[PDB]
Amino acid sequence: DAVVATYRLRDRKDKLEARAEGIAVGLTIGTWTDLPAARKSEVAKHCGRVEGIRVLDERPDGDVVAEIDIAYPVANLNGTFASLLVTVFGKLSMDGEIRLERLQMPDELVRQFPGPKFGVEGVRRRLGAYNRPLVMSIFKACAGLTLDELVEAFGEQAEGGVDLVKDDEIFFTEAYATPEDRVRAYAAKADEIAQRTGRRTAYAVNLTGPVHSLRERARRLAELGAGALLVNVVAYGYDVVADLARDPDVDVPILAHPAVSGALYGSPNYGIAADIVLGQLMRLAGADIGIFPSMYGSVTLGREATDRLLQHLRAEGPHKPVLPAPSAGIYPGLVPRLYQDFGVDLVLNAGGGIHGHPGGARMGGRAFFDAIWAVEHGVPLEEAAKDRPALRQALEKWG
């Protein structure tokens, strides 16, 4: 009947027991009150409890690193990320060297959050893409460009057959092309291009502006034919995103971008674990596709967090599963490894992989489809690339 949080913290050994008891009482009932007999027993049900204390290491300076588990009765929450976060890591987040490592959430509480509107199966159905990883391209340049220039850049990507093209997450200025004008325009270009490719390439548009008009804008963008909404979830807040995922009129998948999240998880000894920030919380908030740093870029999340992250996105539960879109180091040569890591339920999140291709974005996209083909037919890339110049060039530049 409670959320059980696990914290990693540094302190002195003989303080651990009192510090844990103070947390369990102070962050639930606050303190015991001079009430009559019946009232105490009733109030007791709102009180937290210490579930476990585990010393991980003893330092020569006398400090210990320990894990503490605290149970917070669900009856004190109100079904929002605010209530959850302020309770489990609100004031506690400031208490020196301490980090939230795990949240075990009871079914009753999980079900008060919306979860993905579409999930894996609904994204596939919307885009008509089955039995293969999806391919996504990212705009190399946005700010400063005219709508016409933007359209051409969209066309180049779509001519490579990609399933999805996303705005760069930094695209905020509406001086040259408003989000609504971009959705309309890229729709038409996509229609033209599908006549050669056989696929209408979808557009993930950055969801931006003031909170109070965000849900109405999300609705308009859906109505205008957006393929997905790109949302900087952590910048806006999880509850903000939750309302979007819950609203039936926001009839479009959410593409969760991790911007700002590293400020929470980057440190090994402070903050909140990356699998919670980018995994657990994202699925609850309603991301249909989740972008997170891959194990193949310069800076990873590390093995352990990355596995826990994926399991958060995929674990059997009351909400739909989320498509992982791991970022950085994504090239056609990595495709077979990516099949092994994630299976077919995967978004190939390409950026430099598309635009860095010697033959242009068009070729950059074809390359990924060539590797997808090779895998599906048990053909080695190097072998497949004998008949496919796109893959050939991609194998040349990046291995």
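One-based numbering along the sequence shown.
In this entry, 167 to 175 shows the higher mean Cα temperature factor of the pair 167 to 175 and 228 to 236. Averaged over CA atoms, B-factors in the entry run higher in 195 to 203 than in the other of 120 to 128 and 195 to 203. Highest C-alpha temperature factor among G297, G90, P324, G144, as the PDB entry reports it: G144. The residue among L134, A187, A222, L77 whose C-alpha atom has the highest B-factor in the PDB entry is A187. The deposited CA B-factor of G155 belongs to the highest third of values across its chain. In the PDB entry, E97 places in the lowest third of its chain by CA B-factor. Split the chain's modelled residues into thirds by C-alpha temperature factor. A24 is in the lowest one. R303: CA B factor in the middle third of modelled residues in this chain (values from the PDB entry). Among all modelled residues in its chain, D275 ranks in the lowest third by Cα B-factor.
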